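First, one chain by itself in structure tokens, the form deposited in one PDB entry.
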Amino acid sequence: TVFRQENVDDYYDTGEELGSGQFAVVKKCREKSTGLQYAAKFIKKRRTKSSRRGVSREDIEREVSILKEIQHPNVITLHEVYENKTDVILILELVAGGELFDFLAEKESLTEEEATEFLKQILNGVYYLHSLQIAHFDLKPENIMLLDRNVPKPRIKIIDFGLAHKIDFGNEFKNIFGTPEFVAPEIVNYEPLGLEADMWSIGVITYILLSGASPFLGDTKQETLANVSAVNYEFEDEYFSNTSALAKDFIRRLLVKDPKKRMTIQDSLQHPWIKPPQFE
């Protein structure tokens, strides 16, 4: 699939940087014709077939195909796609209130209600994606951004669909590995992956939202990964002493090694607490 090959600078003006990653940079931008504001994600292309720098065309096309399908209040929307010899440029919905990661750092510890306010939105976005047989494969606080960080109950959107895959056969068996702290055991063990991996990541996020601590984090990536595979976590009383037993029950049903025994997204929404890269 080919994208628009006009110079993006003919149609948009760029401003402040919103994000920076291994093969991408994100710039705030403004469309000249409408005055509306977006986030332009510049993804570096591969220069050769055998190269390790940049993103393969297959991977870029996969991400764009997924983004084109999605429209939901808790997921990002894709506006347009440009390309040139060096980059594919995704013009995405602007989410200007920063990462949930940075919000959690700056704020004192969350209450269970503040945590569930966030978590219910995440669950709603993931329910949409999973209904579509889309696995995100990179859920973590850095990939959730707030629309406005200065309201009591911030609204969120899931971003960063660079690892997302359609799961039409119940699992996929590809080169898929996210951030060690957040990956499921089946990722660590290079086993076939499905929608269940996301549910593990939600359990890790939930743990962090309630405690400010990462459940599997070691001093090195390898130690983290070993901890994940062994399901080596516990609820430290220093952090969880005034956290409800039901909240812990929720996390325990997601941090399950066997993906078939893990709560699904639908189970998570009916749970009584809710119901109303890899190498150093």
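Superpose the two forms; the largest set of C-alphas matching within 1.5 Å is the rigid core. From 1 onward, residues are counted along the sequence shown.
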Residue 108 dropped from a third or more of the other entries of this protein: yes
Unresolved deposited positions lying between residue 276 and residue 277 come to 10 or more
Looking only at C-alpha temperature factors in the entry, 44-52 or 59-67, the higher average sits in 44-52
The stretch whose C-alpha atoms carry the larger average B-factor in the entry, 17-25 or 263-271, is 17-25
Entry record, C-alpha B-factors for 125, 154, 203, 185; the maximum is at 154
From 130, 165, 72, 107, the top C-alpha temperature factor is at 107
Assert third(CA B-factor, residue 118) within chain per record equals middle
Temperature factor at the Cα of residue 32, chain-ranked in thirds, falls in the highest
Of the three thirds of Cα B-factor ranks in this chain, residue 169 occupies the highest
Chain thirds by Cα B factor, record data; residue 249 belongs to the lowest
Binned into thirds over the chain's modelled residues, the C-alpha B-factor of residue 189 lands in the lowest
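The same protein has a further form, the form deposited in another entry, not shown here; the description that follows concerns it.
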Shift test between the shown form and the other one (rigid core reference, C-alpha, 2 Å or more cutoff) over 77, 171, 124, 133 hits only 171
query: Core-aligned, does residue 96 move its Cα 2 Å or more between the shown form and the other one?
result: no
Query raised in the report: So with the core overlaid, does the Cα of residue 110 end up 2 Å or more away between the shown form and the other one?
Result: yes
After fitting the core, residue 154 CA displacement of 2 Å or more between the shown form and the other one
yes
What changes in the other form is the Cα distance between residue 172 and residue 165, by 3 Å or more; the two atoms are farther
Checking the C-alpha spacing of residue 174 and residue 186, a student should find that in the other form it changes by 3 angstroms or more, with the atoms closer
